[PDB]
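Structure record follows, encoded as structure tokens.
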Amino acid sequence: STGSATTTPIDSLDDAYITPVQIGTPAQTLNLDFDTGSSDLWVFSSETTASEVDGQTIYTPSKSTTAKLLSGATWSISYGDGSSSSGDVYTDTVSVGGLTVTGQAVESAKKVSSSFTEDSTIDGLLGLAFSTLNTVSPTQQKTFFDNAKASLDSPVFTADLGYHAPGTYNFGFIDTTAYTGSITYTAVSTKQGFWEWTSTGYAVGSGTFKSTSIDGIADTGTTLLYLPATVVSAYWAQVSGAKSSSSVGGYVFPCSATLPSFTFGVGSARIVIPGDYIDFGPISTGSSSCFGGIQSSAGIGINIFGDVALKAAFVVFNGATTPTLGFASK
Ligand SMILES: N=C1N[C@H]2[C@H](CS[C@H]2CCCCC(=O)O)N1
């Protein structure tokens with residue numbers, strides 16, 4: 001089997017991407033944030049505290065003939081940005097882009113934090129990291145991908161995120177028309193439950209490539225590119241007037257600037273992030289200070305290749321017995 005679904009930016013800045021997912025019988029379609037940095041499939045639901053729902057589409061298990069309470073199971077998750085959610089669990093049929101999993105754990109939110117409530121466009125998350133991070137207790141549950149894997153033509157999924165445009169998540173096949181040149185594969189460590197890999201270095205603009213190992217995670221659920229302070233300082237030093245602002249919460253730059261590109265290494269290959277991808281616009285409406293898309297990972301504890309980086313590439317998440325990650329230009 002295979003699946004193929006379009007993923008669409010939630011706003012004009014590509015802050016996140018939503019992908020329609022069919023849950024239950026008859027289908028209830030919810031727009032979920034596919035997140036390779038976490039491992040829970042959770043949704044706004046008929047059980048979500050009413051005051052914490054503001055425009056989201058909800059899953060109502062009582063209207064699904066295939067829903068079953070997973071008795072005794074609860075879940076609770078906190079993300080790197082401080083947001084959180086929690087609730088109980090149903091199993092139901094879940095389909096993505098024509099690919100169907102029966103008996104998928106669908107985690108029903110009883111509570112969500114303010115940032116979820118305030119984002120009317122995201123109806124929940126679909127985790128695509130390793131199932132060892134799944135938060136369901138007392139019986140940990142498998143991700144959609146892990147459940148689907150045996151049925152897939154090939155045990156892979158791919159992320160092809162657009163810049164200010166829709167893109168695609170495919171399951172079970174590699175679309176050889178979706179990228180240019182060749183795909184370069186690189187080793188993955190699953191020790192922390194993430195798609196964790198080591199970049200071979202970076203360049204700023206037309207500058208020389210610096211060979212240096214940068215361990216980090218391929219994370220579709222994070223907007224920005226978070227890298228060591230040394231790397232980030234070198235980038236922003238090439239932008240007149242750029243500075244790190246503790247009050248704003250990272251690097252800002254004059255909106256009048258033209259940003260340089262940023263290149264990261266994948267083995268001997270190079271992925272170039274155009275400068276415009278690094279512009280996240282005015283810090284507040286009407287401001288001439290703009291927020292940068294490359295930020296320091298100091299204090300996060302891990303480097304994160306978020307959407308800013310991933311949308312510059314066609315990315316293969318290879319879930320074979322020994323997982324690997326592939327990157328191609330496009
Ligand atoms: N600023 C927000 N944070 C949460 C809501 C909707 S997106 C969500 C954060 C998802 C993080 C995923 C992850 O860190 O792996 N708004």
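Relative contact order for segment 199-254: 21 percent, from Cα pairs under 8 Å spaced at least 6 residues apart, divided by residue count. Near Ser261: Cβ cut-off under 11 Å, other residues only, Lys/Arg at +1 and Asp/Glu at -1. The net charge is 0. Of the two radii for segment 45-108, the radius of gyration is 0.99 times the Kirkwood radius, both from the alpha carbons; that is the Rg over Rh value. In segment 5-174, Cα pairs under 8 Å separated by at least six residues give a relative contact order of 29 percent. Listed by Cβ neighbour count within 10 Å, with the fewest neighbours leading, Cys255, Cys290 appear as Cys255, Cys290.
By other beta-carbon atoms within 10 Å, ranking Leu259, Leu126 with the fewest at the front produces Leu259, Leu126. Listed by Cβ neighbour count within 10 Å, with the fewest neighbours leading, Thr57, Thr177 appear as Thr177, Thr57.
Taking every DSSP bridge with both residues inside the chain, close to 85 percent are antiparallel. Using the Cβ of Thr7 as centre and a radius below 10 Å, the other residues enclosed give a net charge of -2, where K and R count +1 and D and E count -1. Neighbours of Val53 by Cβ distance under 14 Å: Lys/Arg scored +1, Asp/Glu scored -1, total -4. For segment 260-330 and segment 134-202, what is the centre-to-centre distance using only Cα atoms, to the nearest Å? If you average the Cα positions of each part, the centres end up 16 Å apart.
Read the figures in this text as sums done on the coordinates, not as results from a lab. Don't worry about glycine lacking a Cβ; one is built from the backbone with ideal geometry, like all the others, and counts go over all protein chains shown.
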